[PDB]
Amino acid sequence: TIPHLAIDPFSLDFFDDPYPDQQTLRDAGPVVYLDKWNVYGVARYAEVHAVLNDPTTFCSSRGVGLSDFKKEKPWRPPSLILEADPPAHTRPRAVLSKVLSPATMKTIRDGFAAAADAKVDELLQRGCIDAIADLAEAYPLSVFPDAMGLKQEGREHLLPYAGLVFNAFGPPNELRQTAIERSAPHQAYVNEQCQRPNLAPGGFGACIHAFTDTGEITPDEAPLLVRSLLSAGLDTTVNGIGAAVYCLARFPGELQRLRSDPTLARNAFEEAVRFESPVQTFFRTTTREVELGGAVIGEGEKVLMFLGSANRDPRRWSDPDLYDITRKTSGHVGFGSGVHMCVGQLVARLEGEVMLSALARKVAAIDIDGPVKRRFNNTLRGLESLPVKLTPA
Ligand code: HEM
Ligand SMILES: CC(=O)Cc1ccc(C(=O)O)cc1
Ligand SMILES: [Cl-]
């Protein structure tokens, strides 16, 4: 009753061009079985959204990667928010929610916007730059580590650690084994920076520790919550901003609409999140026998959600393969959905908005003028190099 497919969603060929395989995954049925990894898969919007909003059946406490925490030991201590279910998830979620709250955005916006405007002006003086190294990575590195309150020493470990984190959600393929092997130096740095003495007062890290006074988290939980932000707060925005620039480079008509109305910056970034879905997939584990799309899934089964496929499902989106900065993007699952929806989504959107604002006001054209190279990761979709020429407005 359930179609069995041999597609490896974590193969380089899949990363290189996943859209044909994603349609095959959607059209095969509402629920598929991937024989390559012995997991169930859902690629349509309806089922993906349903699974995300059914946390008591499709839990996260057994890991959101392929590995089942009930069967294998996690490569690192489990995340207190991402890899937990209610009610354990609730209070740590509230702390991060308050640390990264709307009120908090008010304190960082001006600095974040200034850094974006300055970076775009700097890149315009160069002309031909790498939109990844010089923009997608440079800007987040210039604002987020400081917003966390991190020291200068050791920041070179931040992106390597993130790449490891997101590769480790995948199956035990070469990408994951290479990332976990000899990762101790990255882990030692991050875990050290998670301790209260190493976080500058006023930053996200210190603010997390400050919440230990309230009873919402204990002092020994605060380092693991800081670890969450250090795991998810940087690499995500790199591929998010990189996706937006990549879209603007490929759709000149949409860059021109953005130029004509810079207030579309925020929704231009949101559409890029839908269009590219920098976070491609996550797993859930069934806590009981459950019927999904006419298929009966047993207990303790892994279920792979194709967030990117769901964001391009023609059953839900008109012209899903078109970048449209005025699209009504509400309902896309690029940030998740339900109790686990991205708690850092205001930080991501703030970075994306202010960078696209800067481009909208300062740049007239973005032309790809060099070899484009894709960056392969079991969970993240993004580019390794994006040579572009920036024409000043
Ligand atoms: C474009 C940028 C980003 C994207 C596309 C993204 C995507 C996501 C997604 C899809 C989830 C759901 C995970 C799941 O359902 O298992 C999630 C959760 C989470 N994200 Fe984001 N994220 C981004 C940026 C950030 C930032 C900037 C931060 C922190 C500063 C962050 C921190 C977190 C945390 C802590 C969670 C766990 C939430 C929970 O389990 O309740 N992310 N993110
Ligand atoms: C896209 C994204 O943020 C996924 C993610 C979320 C939380 C954590 C964590 O360490 O708690 C790690 C990864
Ligand atoms: Cl770690």
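Both counts, for ligands and for their atoms, begin at 1 and track the order of listing. Reckoned from all heavy atoms, side chains included, excluding hydrogens, waters and symmetry mates. Numbers for residues simply follow the sequence, beginning at 1.
Because its NZ or CZ atom is both nearer than 6.0 Å to the ring centre of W317 and within 45° of the ring axis, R274 counts as a cation-pi partner of that residue. Figure legend: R316 and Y45 shown as a cation-pi pair, the cationic atom lying under 6.0 angstrom from the six-membered ring centre and within 45 degrees of its axis. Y246 carries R250 over the face of its six-membered ring, with the cationic atom under 6.0 Å from the centre and within 45° of the normal.
Heavy atoms of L234 found under 4.0 angstrom from ligand 1: none, in either backbone or side chain. Neither the backbone nor the side chain of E351 has any atom closer than 4.0 Å to an atom of ligand 1 (non-hydrogen atoms only). Looking at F204 against ligand 1, nothing comes within 4.0 Å, counting heavy atoms. The proximity of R76 to ligand 2, defined as any non-hydrogen pair under 4.0 Å, is limited to the side chain.
If you chain together hydrophobic residues whose side chains sit under 4.5 Å apart, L66 and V279 never meet in one group. Hydrophobic clustering, with ILVMFWY side chains joined whenever heavy atoms are under 4.5 angstrom apart, keeps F283 apart from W75. A continuous path of hydrophobic side-chain contacts links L234 to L350 [ILVMFWY only; heavy atoms under 4.5 Å].
Each of the atoms 4 (C) of ligand 2 lies under 4.0 Å from some heavy atom of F282. Shown in contact with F144 at under 4.0 Å from a heavy atom are these atoms of ligand 1, numbered in order with element: 30 (C). Residue-ligand proximity, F166 to ligand 2, at heavy-atom distances under 4.0 Å covers atoms 1 (C), 2 (C), 4 (C). Within ligand 2, counting atoms from 1 as listed, the ones closer than 4.0 Å to a heavy atom of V279 are 1 (C). Those atoms of ligand 1 that come under 4.0 Å of a heavy atom in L96, given as number and element, are 35 (C). Of all atoms in ligand 2, listed by their number and element, those nearer than 4.0 Å to a heavy atom of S231 are 10 (O).
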Run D261 and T263 through side-chain hydrogen bond (donor to acceptor under 3.5 Å, both in side chains) and show every step you take. CA-CA 5 Å; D261 187 355; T263 72; 2.6 Å; yes

Check the pair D27, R44 against salt bridge (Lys or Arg N to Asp or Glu O under 4.0 Å), reporting the backbone distance first and the verdict last. CA-CA 8 Å; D27 294 0; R44 305 180 185 175; 5.7 Å; no

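Residue-to-ligand polar distances keep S228 apart from ligand 1: every N/O pair is separated by 3.5 Å or more. Between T237 and ligand 1, not a single N/O pair is under 3.5 Å apart.
At the shortest separation from atom 13 (C) of ligand 1 among protein heavy atoms lies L82 CD1, 3.7 Å. Of the protein's non-hydrogen atoms, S228 OG, 3.4 Å is the one closest to atom 9 (C) of ligand 2. For atom 39 (C) of ligand 1, the closest non-hydrogen atom of the protein is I81 CG1, 3.2 Å. Of the protein's non-hydrogen atoms, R284 NH2, 2.8 Å is the one closest to atom 15 (O) of ligand 1. Closest to atom 3 (O) of ligand 2, if we only count protein heavy atoms, is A232 CB, 2.9 Å. Given atom 40 (O) of ligand 1, the protein heavy atom at minimum distance is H340 ND1, 2.7 Å.
The aromatic ring centres of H186 and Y161 sit 6.0 Å or more apart.
Across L229, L82, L307, heavy-atom proximity to atom 12 (C) of ligand 2 is greatest for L82.
Summarising the geometry, atom SG belonging to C342 is positioned 10.0 Å from atom CG belonging to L82; distances are rounded to the nearest 0.5 Å.
Residue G334 places a heavy atom less than 4.0 Å from ligand 1.
Taking the six-membered ring where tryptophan is involved, the planes of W37 and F10 are perpendicular, since the angle between them exceeds 60° and thus also 30°.
Around atom 21 (Fe) of ligand 1, the protein atoms of type N, O or S found under 2.8 Å away are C342 SG, listed by chain and number.
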